[PDB]
2 protein chains.
Amino acid sequence: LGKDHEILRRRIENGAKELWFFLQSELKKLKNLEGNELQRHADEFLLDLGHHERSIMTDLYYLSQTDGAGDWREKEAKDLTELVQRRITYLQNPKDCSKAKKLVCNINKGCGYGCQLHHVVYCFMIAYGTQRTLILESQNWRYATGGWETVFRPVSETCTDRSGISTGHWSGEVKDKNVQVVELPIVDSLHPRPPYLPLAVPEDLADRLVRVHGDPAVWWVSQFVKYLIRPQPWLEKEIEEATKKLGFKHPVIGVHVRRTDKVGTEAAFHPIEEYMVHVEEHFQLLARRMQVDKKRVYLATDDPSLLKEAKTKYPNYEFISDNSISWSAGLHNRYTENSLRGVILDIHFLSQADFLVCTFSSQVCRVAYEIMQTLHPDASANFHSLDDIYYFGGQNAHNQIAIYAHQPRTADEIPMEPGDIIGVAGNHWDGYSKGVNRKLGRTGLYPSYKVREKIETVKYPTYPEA
Amino acid sequence: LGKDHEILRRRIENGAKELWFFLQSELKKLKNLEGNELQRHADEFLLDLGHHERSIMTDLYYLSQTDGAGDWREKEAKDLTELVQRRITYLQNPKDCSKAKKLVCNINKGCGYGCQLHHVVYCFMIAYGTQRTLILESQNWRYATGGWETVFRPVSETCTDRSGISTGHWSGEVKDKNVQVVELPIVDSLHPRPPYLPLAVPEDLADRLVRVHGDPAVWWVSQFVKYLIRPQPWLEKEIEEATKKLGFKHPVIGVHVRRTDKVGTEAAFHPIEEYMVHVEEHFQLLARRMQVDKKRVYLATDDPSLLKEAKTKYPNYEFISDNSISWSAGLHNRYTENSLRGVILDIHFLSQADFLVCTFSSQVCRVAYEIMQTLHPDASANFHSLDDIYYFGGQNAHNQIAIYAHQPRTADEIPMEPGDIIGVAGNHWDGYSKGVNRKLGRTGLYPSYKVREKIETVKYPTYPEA
Ligand SMILES: *[C@@H]1O[C@H](CO)[C@@H](O[C@@H]2O[C@H](CO)[C@@H](O[C@@H]3O[C@H](CO[C@H]4O[C@H](CO)[C@@H](O)[C@H](O)[C@@H]4O[C@@H]4O[C@H](CO)[C@@H](O)[C@H](O)[C@H]4NC(C)=O)[C@@H](O)[C@H](O[C@H]4O[C@H](CO)[C@@H](O[C@@H]5O[C@H](CO)[C@@H](O)[C@H](O)[C@H]5NC(C)=O)[C@H](O)[C@@H]4O[C@@H]4O[C@H](CO)[C@@H](O)[C@H](O)[C@H]4NC(C)=O)[C@@H]3O)[C@H](O)[C@H]2NC(C)=O)[C@H](O)[C@H]1NC(C)=O
Ligand SMILES: *[C@@H]1O[C@H](CO)[C@@H](O[C@@H]2O[C@H](CO)[C@@H](O[C@@H]3O[C@H](CO[C@H]4O[C@H](CO)[C@@H](O)[C@H](O)[C@@H]4O[C@@H]4O[C@H](CO)[C@@H](O)[C@H](O)[C@H]4NC(C)=O)[C@@H](O)[C@H](O[C@H]4O[C@H](CO)[C@@H](O[C@@H]5O[C@H](CO)[C@@H](O)[C@H](O)[C@H]5NC(C)=O)[C@H](O)[C@@H]4O[C@@H]4O[C@H](CO)[C@@H](O)[C@H](O)[C@H]4NC(C)=O)[C@@H]3O)[C@H](O)[C@H]2NC(C)=O)[C@H](O)[C@H]1NC(C)=O
Ligand SMILES: Nc1nc2c(ncn2[C@@H]2O[C@H](COP(=O)(O)OP(=O)(O)O)[C@@H](O)[C@H]2O)c(=O)[nH]1
Ligand SMILES: Nc1nc2c(ncn2[C@@H]2O[C@H](COP(=O)(O)OP(=O)(O)O)[C@@H](O)[C@H]2O)c(=O)[nH]1
Ligand SMILES: [Cl-]
Ligand SMILES: [Cl-]
Ligand SMILES: [Cl-]
Ligand SMILES: [Cl-]
Ligand SMILES: [Cl-]
Ligand SMILES: [Cl-]
Ligand SMILES: [Cl-]
Ligand SMILES: [Cl-]
Ligand SMILES: [Cl-]
Ligand SMILES: [Cl-]
Ligand SMILES: [Cl-]
Ligand SMILES: [Cl-]
Ligand SMILES: [Cl-]
């Protein structure tokens with residue numbers, strides 16, 4: 001038993017004890033206040049609580065690294081990623097391409113870059129589940145009509161040709177067992193749905209994944225994102241060079257302010273301050289554990305006016321941004337190679353930051369977060385997102401299990417019993433989530449701490465030949 | 001690296017994260033309320049916060065046990081105490097008692113039983129440090145003119161006689177190096193002071209103790225209490241008998257309400273309710289982890305009126321008490337053998353409880369708390385005390401170290417910089433403590449979480465011969 005482990009655990013315990021003593025002390029005081037004195041005092045309370053909370057959180061972090069837990073998790077995360085990448089590659093490069101089973105995916109989904117990247121990921125996962133080599137057709141890709149190889153390495157070295165002795169539009173893994181080439185539709189109209197979808201992870205990796213990663217769902221998705229966006233030689237140079245021209249050095253917090261056409265239709269408008277509170281709050285967290293010389297925010301946005309506004313409102317922050325990329329993402333010029341390379345770099349630097357603040361309603365941010373999973377052992381927690389929790393457009397039902405019972409205080413809350421299964425609609429980031437208790441078919445709010453994430457598994461192939 | 005360990009660590013992180021989301025949300029709501037509506041809501045807040053916090057504490061308890069941490073901690077705590085007991089016994093039992101170095105301690109200090117026991121502990125500790133066998137003179141003991149052996153086995157089987165070729169009153173370990181038998185005075189007039197006092201622990205055990213125990217000072221003191229209170233056969237039988245007759249079964253929470261003469265001069269009067277909140281809060285905690293069939297409180301008091309009052313106010317709690325022991329402790333009849341038997345038994349059952357609630361200003365509670373240390377691996381946190389932090393009457397300076405800087409918000413607070421040394425006067429159990437910042441010599445309040453306990457060591461002998 002390790003001595004730092006025990007000292008840390010004991011300080012995390014006592015930190016909560018003093019936080020609770022303090023909570024009681026100051027709430028009893030607040031009950032007897034009014035007006036300006038109540039607001040002054042409640043605001044000071046929150047300041048003090050913030051620093052308290054950040055000290056507990058910092059101690060928990062150290063606990064996560066002590067006793068070589070840091071070394072081990074990294075080692076084990078590396079071995080897992082190498083294994084899945086070895087299996088994906090093995091699958092993607094059959095010896096005999098004319099005689100290989102194939103899954104044909106077409107990149108031209110009527111949406112944006114991240115929505116399309118995710119369509120190729122969803123295709124890729126099903127190809128991995130069905131043991132079919134992925135044939136990505138990318139001619140006339142609206143962003144770069146040259147095709148996928150304009151920016152990224154092709155998904156296969158040996159098998160890029162979609163030909164075979166029998167081809168058919170998908171109809172089930174059972175029905176298609178002897179169709180050589182299967183054309184796969186977008187998840188929005190897939191029928192029947194195979195088991196090889198998010199957020200389920202492979203049965204065979206699941207135990208190892210839970211030991212290491214806080215959200216094995218995102219980790220599994222990220223494995224295909226990683227392989228896909230393997231970059232062309234010139235793109236690797238463009239990214240490396242742009243890293244130099246921009247002042248991009250860690251410690252940096254990545255921020256994605258998505259506006260333009262998303263507002264109103266798929267997500268809300270959020271002011272810059274709504275993002276920057278988490279940025280400052282999480283620089284404060286970082287500063288408790290390392291030296292923070294200047295507070296750098298990498299700012300990815302499609303509002304070109306934002307950069308000037310942000311710099312004036314936050315004069316202590318160095319803002320790293322490529323405002324001309326921001327202009328390139330405006331709609332009049334959005335679907336062009338110049339813009340595509342723009343969003344690929346913005347997403348890159350987002351994924352590379354130490355922490356991410358954004359809206360998970362955007363496919364752009366979600367990909368940044370997915371790519372982030374591949375650059376650390378467990379980067380599952382590295383975001384204070386503003387609206388949706390994580391999801392994979394097309395996933396199966398996202399379920400939780402209640403672990404503590406809850407009795408509804410108002411009519412807007414649902415009751416929970418331990419074991420009850422709750423499908424979550426979202427987290428409100430106020431201590432409550434919204435969801436349906438499937439047992440009683442009632443929808444409402446429940447205290448977010450009272451549920452446990454239900455990890456789902458699938459019997460995927462294990463490709464032992466790699 | 002362990003899987004239950006990692007799931008647990010992440011839920012403590014996530015549970016604390018949701019607690020902060022909740023704290024921010026509901027405090028912002030409170031800022032805009034008035035009077036009765038503010039009070040309704042603030043009280044509901046506190047109710048919810050309690051259960052949130054108790055869930056975090058429960059996961060922290062479980063983390064304390066996973067990966068066999070529990071099993072190992074017990075074994076190591078067992079090995080330590082067996083070693084210290086083997087060393088004390090060796091010292092107390094020379095082969096030639098006529099030629100042994102001896103330290104003469106006199107039990108009849110002008111105070112009560114616990115204060116006298118603690119005087120004998122201080123003598124024992126100094127005798128251990130100087131390698132002198134403890135000769136405990138106890139005739140005319142105010143509690144039992146029969147002597148120490150009225151209740152307890154003698155502190156030595158071979159060496160109980162105080163004779164030697166040179167005897168003298170203490171004058172320092174260096175000056176007395178060749179006086180065979182040294183008479184030790186009460187700590188109140190010990191001069192010079194030797195290094196062998198609380199709250200310092202032996203140099204060689206300090207690393208092993210910190211791996212195991214949350215308050216190594218108490219663990220070291222309890223080691224001597226343990227050796228001291230080995231009871232005579234009738235008393236051992238009396239304890240077993242009273243255990244059956246009172247119906248003492250775990251889960252039981254010990255409560256010690258000290259009143260009579262202690263009020264006004266040495267401590268405050270506290271209503272039964274001030275104790276019973278911590279009792280319920282902690283049965284609520286226990287109930288989160290085990291079955292609580294009946295809520296048992298063991299009640300030690302010198303107020304014989306309390307038992308009837310308590311039973312009436314708390315009709316859900318089974319009160320295990322010996323009201324006549326409460327009567328035997330009354331002022332007019334306190335210093336007799338039957339009374340001494342009362343307090344010894346009251347202290348026994350207190351130490352035996354799953355948790356202790358009391359005033360540490362009373363030596364009676366402190367002795368129970370010290371004895372409690374020898375019945376569990378780390379039982380240092382098993383109290384929600386009502387005034388003083390733990391201390392040993394006569395001790396050296398109790399120092400903490402500031403670990404996070406603090407700037408004083410009002411005039412009652414002291415400033416701290418990390419590394420600053422804080423002499424602690426006590427904890428207010430409201431999130432603040434009182435103390436002196438020695439570097440700048442200022443006295444005041446500081447947030448209790450911003451300090452770290454300063455463990456002090458002393459080079460004690462190691463008695464290789466056992
Ligand atoms: C055409 O273009 C687009 C690309 O731009 C292509 O991409 C698709 O675009 C949409 C929009 O982004 C994506 O839909 C989103 O899905 C989110 C995930 O939903 C699934 O999982 C959820 C939890 O993680 C769970 O809540 C859902 O039940 C759902 O899970 C489904 O479950 C089934 C089993 O039960 C499975 O079999 C299904 O497969 C599975 N479904 C999916 C999608 O896989 C979802 O959370 C998100 O909803 C939020 O945002 C909605 C706005 O789009 C909002 O709608 C508003 O609702 C309110 C009241 O309900 C109403 O007053 C208002 O007027 C509505 N606004 C509009 C315009 O509809 C939702 O209510 C919901 O709100 C969120 O609520 C939570 C909790 O309160 C908050 O924490 C949060 O703040 C809040 N979010 C926001 C920002 O408002 C949304 O539906 C889709 O995933 C994506 N698809 C793909 C495949 O990538 C599209 O594919 C292109 N089409 C074609 C033909 O190619
Ligand atoms: C006669 O019989 C008695 C048996 O009872 C024998 O035993 C002695 O009994 C007394 C009282 O029962 C014990 O006194 C207590 O000492 C506690 C420890 O003091 C040491 O450690 C402190 C930090 O923990 C440190 O700050 C102290 O100065 C001291 O540390 C010293 O350090 C020195 C180096 O600088 C060393 O060289 C010394 O060796 C070492 N000294 C000692 C004493 O060991 C102490 O915590 C405790 O103080 C609290 O309780 C007081 C009441 O007893 C309370 O008094 C009030 O003071 C305010 C202003 O200060 C005054 O206006 C008011 O009138 C007083 N009110 C009352 C109720 O009387 C103190 O304020 C203090 O308050 C505590 O404050 C914190 C935070 O503010 C709260 O969390 C807490 O609730 C609160 N406590 C209470 C109960 O209110 C007390 O002084 C004594 O230790 C013990 N000595 C021994 C050696 O056994 C005695 O031996 C017999 N004598 C003879 C002739 O045989
Ligand atoms: N370079 C850049 N482009 C963006 C940004 N936000 C949106 N875009 C552009 O808008 C498209 C958004 O489409 P999509 O990937 O489907 O994400 P979503 O509409 O926000 O859910 C991206 O592919 C980019 O062309 C940004 O922050 N930086
Ligand atoms: N049996 C019994 N005796 C008590 C109790 N509380 C106080 N006394 C008596 O009062 C004495 C108080 O002396 P002491 O040990 O110095 O404790 P203190 O005065 O509270 O610090 C005890 O030793 C007992 O004689 C109690 O709960 N049970
Ligand atoms: Cl092959
Ligand atoms: Cl299928
Ligand atoms: Cl760097
Ligand atoms: Cl600023
Ligand atoms: Cl499960
Ligand atoms: Cl399956
Ligand atoms: Cl395990
Ligand atoms: Cl040992
Ligand atoms: Cl000897
Ligand atoms: Cl007397
Ligand atoms: Cl000395
Ligand atoms: Cl006997
Ligand atoms: Cl029992």
# chains A, B, ... in the order shown; residues from 1 in each chain; ligands from 1

$ residues_around --residues "residue 361 (chain A)" --least-positions-apart "4" --cutoff "12 Å" --atoms "only C-alpha atoms" --output "ChimeraX atom specification"
/A:114-115,256-259,262-270,365-367,385-393,426

$ write_last_selection --atoms "N, CA and C atoms" --output "PDB file, in the first residue's frame"
ATOM      1  N   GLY A 114     -17.916  17.521 -40.227  1.00  0.00           N
ATOM      2  CA  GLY A 114     -17.956  16.603 -39.096  1.00  0.00           C
ATOM      3  C   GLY A 114     -19.105  15.622 -39.198  1.00  0.00           C
ATOM      4  N   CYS A 115     -20.242  16.090 -39.695  1.00  0.00           N
ATOM      5  CA  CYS A 115     -21.343  15.174 -39.917  1.00  0.00           C
ATOM      6  C   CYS A 115     -20.957  14.105 -40.931  1.00  0.00           C
ATOM      7  N   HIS A 256     -14.586  26.314 -28.985  1.00  0.00           N
ATOM      8  CA  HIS A 256     -15.282  26.308 -30.266  1.00  0.00           C
ATOM      9  C   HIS A 256     -16.613  27.034 -30.114  1.00  0.00           C
ATOM     10  N   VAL A 257     -16.671  28.266 -30.611  1.00  0.00           N
ATOM     11  CA  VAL A 257     -17.900  29.048 -30.635  1.00  0.00           C
ATOM     12  C   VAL A 257     -18.552  28.887 -32.005  1.00  0.00           C
ATOM     13  N   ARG A 258     -19.576  28.039 -32.071  1.00  0.00           N
ATOM     14  CA  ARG A 258     -20.283  27.774 -33.314  1.00  0.00           C
ATOM     15  C   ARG A 258     -21.504  28.669 -33.426  1.00  0.00           C
ATOM     16  N   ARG A 259     -21.560  29.471 -34.489  1.00  0.00           N
ATOM     17  CA  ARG A 259     -22.720  30.324 -34.688  1.00  0.00           C
ATOM     18  C   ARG A 259     -23.237  30.176 -36.111  1.00  0.00           C
ATOM     19  N   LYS A 262     -26.005  27.446 -37.496  1.00  0.00           N
ATOM     20  CA  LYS A 262     -26.463  26.528 -36.448  1.00  0.00           C
ATOM     21  C   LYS A 262     -27.508  27.161 -35.528  1.00  0.00           C
ATOM     22  N   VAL A 263     -27.451  28.487 -35.329  1.00  0.00           N
ATOM     23  CA  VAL A 263     -28.321  29.167 -34.367  1.00  0.00           C
ATOM     24  C   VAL A 263     -29.769  29.075 -34.813  1.00  0.00           C
ATOM     25  N   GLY A 264     -30.620  28.565 -33.941  1.00  0.00           N
ATOM     26  CA  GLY A 264     -32.024  28.520 -34.271  1.00  0.00           C
ATOM     27  C   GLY A 264     -32.426  27.148 -34.744  1.00  0.00           C
ATOM     28  N   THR A 265     -31.607  26.529 -35.594  1.00  0.00           N
ATOM     29  CA  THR A 265     -32.002  25.271 -36.221  1.00  0.00           C
ATOM     30  C   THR A 265     -31.614  24.032 -35.414  1.00  0.00           C
ATOM     31  N   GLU A 266     -30.336  23.902 -35.058  1.00  0.00           N
ATOM     32  CA  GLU A 266     -29.842  22.732 -34.349  1.00  0.00           C
ATOM     33  C   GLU A 266     -29.296  23.016 -32.960  1.00  0.00           C
ATOM     34  N   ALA A 267     -29.068  24.283 -32.615  1.00  0.00           N
ATOM     35  CA  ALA A 267     -28.478  24.665 -31.343  1.00  0.00           C
ATOM     36  C   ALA A 267     -28.791  26.134 -31.087  1.00  0.00           C
ATOM     37  N   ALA A 268     -28.469  26.579 -29.879  1.00  0.00           N
ATOM     38  CA  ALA A 268     -28.714  27.934 -29.409  1.00  0.00           C
ATOM     39  C   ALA A 268     -27.526  28.834 -29.719  1.00  0.00           C
ATOM     40  N   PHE A 269     -27.764  30.138 -29.634  1.00  0.00           N
ATOM     41  CA  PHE A 269     -26.666  31.094 -29.626  1.00  0.00           C
ATOM     42  C   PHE A 269     -26.108  31.210 -28.216  1.00  0.00           C
ATOM     43  N   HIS A 270     -24.780  31.175 -28.071  1.00  0.00           N
ATOM     44  CA  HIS A 270     -24.165  31.340 -26.744  1.00  0.00           C
ATOM     45  C   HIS A 270     -23.189  32.504 -26.744  1.00  0.00           C
ATOM     46  N   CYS A 365     -17.170  20.229 -32.793  1.00  0.00           N
ATOM     47  CA  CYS A 365     -16.571  20.045 -31.478  1.00  0.00           C
ATOM     48  C   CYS A 365     -16.455  18.570 -31.121  1.00  0.00           C
ATOM     49  N   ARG A 366     -17.505  17.780 -31.409  1.00  0.00           N
ATOM     50  CA  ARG A 366     -17.510  16.364 -31.039  1.00  0.00           C
ATOM     51  C   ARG A 366     -16.300  15.639 -31.613  1.00  0.00           C
ATOM     52  N   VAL A 367     -15.951  15.946 -32.862  1.00  0.00           N
ATOM     53  CA  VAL A 367     -14.795  15.313 -33.477  1.00  0.00           C
ATOM     54  C   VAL A 367     -13.528  15.724 -32.755  1.00  0.00           C
ATOM     55  N   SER A 385     -18.607  21.172 -21.774  1.00  0.00           N
ATOM     56  CA  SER A 385     -19.569  21.509 -22.864  1.00  0.00           C
ATOM     57  C   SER A 385     -20.837  22.239 -22.357  1.00  0.00           C
ATOM     58  N   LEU A 386     -21.430  23.022 -23.250  1.00  0.00           N
ATOM     59  CA  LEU A 386     -22.584  23.843 -22.906  1.00  0.00           C
ATOM     60  C   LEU A 386     -23.998  23.307 -23.118  1.00  0.00           C
ATOM     61  N   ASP A 387     -24.195  22.235 -23.881  1.00  0.00           N
ATOM     62  CA  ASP A 387     -25.588  21.811 -24.038  1.00  0.00           C
ATOM     63  C   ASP A 387     -25.747  20.301 -24.030  1.00  0.00           C
ATOM     64  N   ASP A 388     -25.569  19.653 -25.164  1.00  0.00           N
ATOM     65  CA  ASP A 388     -25.701  18.214 -25.130  1.00  0.00           C
ATOM     66  C   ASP A 388     -24.494  17.581 -24.451  1.00  0.00           C
ATOM     67  N   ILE A 389     -24.760  16.466 -23.783  1.00  0.00           N
ATOM     68  CA  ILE A 389     -23.751  15.485 -23.399  1.00  0.00           C
ATOM     69  C   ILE A 389     -23.164  14.884 -24.677  1.00  0.00           C
ATOM     70  N   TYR A 390     -22.228  13.952 -24.551  1.00  0.00           N
ATOM     71  CA  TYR A 390     -21.717  13.338 -25.760  1.00  0.00           C
ATOM     72  C   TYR A 390     -22.769  12.424 -26.373  1.00  0.00           C
ATOM     73  N   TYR A 391     -22.799  12.405 -27.703  1.00  0.00           N
ATOM     74  CA  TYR A 391     -23.581  11.439 -28.462  1.00  0.00           C
ATOM     75  C   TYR A 391     -22.909  11.186 -29.810  1.00  0.00           C
ATOM     76  N   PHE A 392     -23.265  10.062 -30.433  1.00  0.00           N
ATOM     77  CA  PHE A 392     -22.841   9.752 -31.796  1.00  0.00           C
ATOM     78  C   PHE A 392     -24.105   9.686 -32.633  1.00  0.00           C
ATOM     79  N   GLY A 393     -24.276  10.678 -33.522  1.00  0.00           N
ATOM     80  CA  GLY A 393     -25.469  10.797 -34.334  1.00  0.00           C
ATOM     81  C   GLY A 393     -25.778   9.461 -34.949  1.00  0.00           C
ATOM     82  N   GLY A 426     -30.293  14.505 -21.610  1.00  0.00           N
ATOM     83  CA  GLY A 426     -29.181  15.414 -21.481  1.00  0.00           C
ATOM     84  C   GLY A 426     -28.890  15.705 -20.033  1.00  0.00           C
TER      85      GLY A 426
END

$ interface_residues --of "chain A" --to "chain B" --cutoff "6 Å" --atoms "only C-alpha atoms" --output "list in words"
residues 3, 15, 18, 21, 22, 25, 31, 39, 211, 429, 430, 431 and 449 of chain A

$ write_last_selection --atoms "N, CA and C atoms" --output "PDB file, in the first residue's frame"
ATOM      1  N   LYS A   3       2.174   5.227   0.200  1.00  0.00           N
ATOM      2  CA  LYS A   3       2.042   6.274   1.215  1.00  0.00           C
ATOM      3  C   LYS A   3       1.447   7.568   0.664  1.00  0.00           C
ATOM      4  N   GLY A  15     -11.101  17.233   2.883  1.00  0.00           N
ATOM      5  CA  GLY A  15     -11.546  18.366   2.088  1.00  0.00           C
ATOM      6  C   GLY A  15     -13.053  18.415   1.916  1.00  0.00           C
ATOM      7  N   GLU A  18     -14.587  19.348   5.446  1.00  0.00           N
ATOM      8  CA  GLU A  18     -14.564  20.791   5.669  1.00  0.00           C
ATOM      9  C   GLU A  18     -15.464  21.518   4.680  1.00  0.00           C
ATOM     10  N   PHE A  21     -18.926  21.121   6.393  1.00  0.00           N
ATOM     11  CA  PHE A  21     -18.979  22.010   7.554  1.00  0.00           C
ATOM     12  C   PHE A  21     -19.224  23.440   7.117  1.00  0.00           C
ATOM     13  N   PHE A  22     -18.473  23.863   6.095  1.00  0.00           N
ATOM     14  CA  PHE A  22     -18.568  25.198   5.521  1.00  0.00           C
ATOM     15  C   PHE A  22     -19.927  25.420   4.863  1.00  0.00           C
ATOM     16  N   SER A  25     -22.391  26.027   7.541  1.00  0.00           N
ATOM     17  CA  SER A  25     -22.142  27.263   8.275  1.00  0.00           C
ATOM     18  C   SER A  25     -22.750  28.454   7.550  1.00  0.00           C
ATOM     19  N   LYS A  31     -29.791  32.336   5.257  1.00  0.00           N
ATOM     20  CA  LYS A  31     -31.227  32.281   5.495  1.00  0.00           C
ATOM     21  C   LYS A  31     -31.769  33.558   6.123  1.00  0.00           C
ATOM     22  N   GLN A  39     -26.863  39.277  -1.489  1.00  0.00           N
ATOM     23  CA  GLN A  39     -26.175  39.085  -2.766  1.00  0.00           C
ATOM     24  C   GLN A  39     -24.666  39.206  -2.611  1.00  0.00           C
ATOM     25  N   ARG A 211     -10.936  -0.198 -16.893  1.00  0.00           N
ATOM     26  CA  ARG A 211      -9.795   0.088 -16.026  1.00  0.00           C
ATOM     27  C   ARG A 211      -9.118   1.415 -16.379  1.00  0.00           C
ATOM     28  N   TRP A 429     -26.306  20.538 -16.467  1.00  0.00           N
ATOM     29  CA  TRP A 429     -25.132  21.165 -15.867  1.00  0.00           C
ATOM     30  C   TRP A 429     -25.470  22.021 -14.640  1.00  0.00           C
ATOM     31  N   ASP A 430     -26.631  21.769 -14.032  1.00  0.00           N
ATOM     32  CA  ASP A 430     -27.083  22.452 -12.828  1.00  0.00           C
ATOM     33  C   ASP A 430     -27.280  21.467 -11.695  1.00  0.00           C
ATOM     34  N   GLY A 431     -26.770  20.255 -11.846  1.00  0.00           N
ATOM     35  CA  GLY A 431     -27.012  19.202 -10.905  1.00  0.00           C
ATOM     36  C   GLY A 431     -28.129  18.276 -11.309  1.00  0.00           C
ATOM     37  N   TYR A 449     -26.232  13.099  -9.894  1.00  0.00           N
ATOM     38  CA  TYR A 449     -25.299  12.220  -9.203  1.00  0.00           C
ATOM     39  C   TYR A 449     -25.901  10.854  -8.891  1.00  0.00           C
TER      40      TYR A 449
END

$ residues_near_ligand --ligand "ligand 14" --cutoff "12 Å" --atoms "only C-alpha atoms and all ligand atoms" --output "PyMOL selection string"
chain B and resi 108-113+140-145+331-336

$ select_by_dssp --residues "region 262-408 of chain A" --states "helix (DSSP H, G or I)" --output "ChimeraX atom specification"
/A:262,272-287,306-313,323-328,331-333,337-352,363-372

$ calpha_fit_rmsd --fixed "chain B" --moving "chain A"
0.3 Å

$ residues_around --residues "region 185-195 of chain A" --least-positions-apart "4" --cutoff "10 Å" --atoms "only C-alpha atoms" --output "list in words"
residues 104, 105, 106, 107, 108, 109, 116, 119, 120, 122, 123, 126, 129, 130, 169, 170, 171, 172, 173, 174, 200, 393, 394, 395, 396, 457, 458, 459 and 460 of chain A

$ residues_around --residues "residue 229 (chain B)" --least-positions-apart "6" --cutoff "9 Å" --atoms "only C-alpha atoms" --output "VMD selection string"
chain B and resid 151 to 153

$ write_last_selection --atoms "N, CA and C atoms" --output "PDB file, in the first residue's frame"
ATOM      1  N   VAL B 151      -8.088  -2.142  40.143  1.00  0.00           N
ATOM      2  CA  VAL B 151      -8.752  -2.322  38.851  1.00  0.00           C
ATOM      3  C   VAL B 151      -7.820  -2.884  37.761  1.00  0.00           C
ATOM      4  N   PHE B 152      -6.538  -2.528  37.777  1.00  0.00           N
ATOM      5  CA  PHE B 152      -5.659  -2.867  36.670  1.00  0.00           C
ATOM      6  C   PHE B 152      -4.492  -3.728  37.105  1.00  0.00           C
ATOM      7  N   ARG B 153      -4.106  -4.645  36.219  1.00  0.00           N
ATOM      8  CA  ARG B 153      -2.887  -5.425  36.382  1.00  0.00           C
ATOM      9  C   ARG B 153      -1.685  -4.496  36.575  1.00  0.00           C
TER      10      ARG B 153
END

$ residues_near_ligand --ligand "ligand 16" --cutoff "8 Å" --atoms "only C-alpha atoms and all ligand atoms" --output "list in words"
residues 232, 233, 234 and 235 of chain B

$ write_last_selection --atoms "C-alpha atoms" --output "PDB file, in the first residue's frame"
ATOM      1  CA  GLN B 232      -7.873  -7.231  36.851  1.00  0.00           C
ATOM      2  CA  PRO B 233      -9.936 -10.439  36.513  1.00  0.00           C
ATOM      3  CA  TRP B 234     -13.008  -9.181  38.387  1.00  0.00           C
ATOM      4  CA  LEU B 235     -13.085  -6.108  36.169  1.00  0.00           C
TER       5      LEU B 235
END

$ residues_near_ligand --ligand "ligand 9" --cutoff "10 Å" --atoms "only C-alpha atoms and all ligand atoms" --output "list in words"
residues 399, 400, 401, 419, 452, 453, 454, 455, 456 and 457 of chain A

$ residues_near_ligand --ligand "ligand 5" --cutoff "6 Å" --atoms "only C-alpha atoms and all ligand atoms" --output "list in words"
residues 94, 95 and 96 of chain A

$ write_last_selection --atoms "N, CA and C atoms" --output "compact mmCIF listing (two decimals), in the first residue's frame"
# COMPACT_ATOMS: atom_id res chain seq x y z
N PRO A 94 -6.58 -6.48 -47.33
CA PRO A 94 -6.60 -7.89 -47.70
C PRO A 94 -5.53 -8.21 -48.71
N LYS A 95 -5.08 -9.46 -48.71
CA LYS A 95 -4.09 -9.88 -49.71
C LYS A 95 -4.73 -9.89 -51.09
N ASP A 96 -5.85 -10.58 -51.21
CA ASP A 96 -6.58 -10.68 -52.47
C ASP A 96 -7.73 -9.68 -52.39
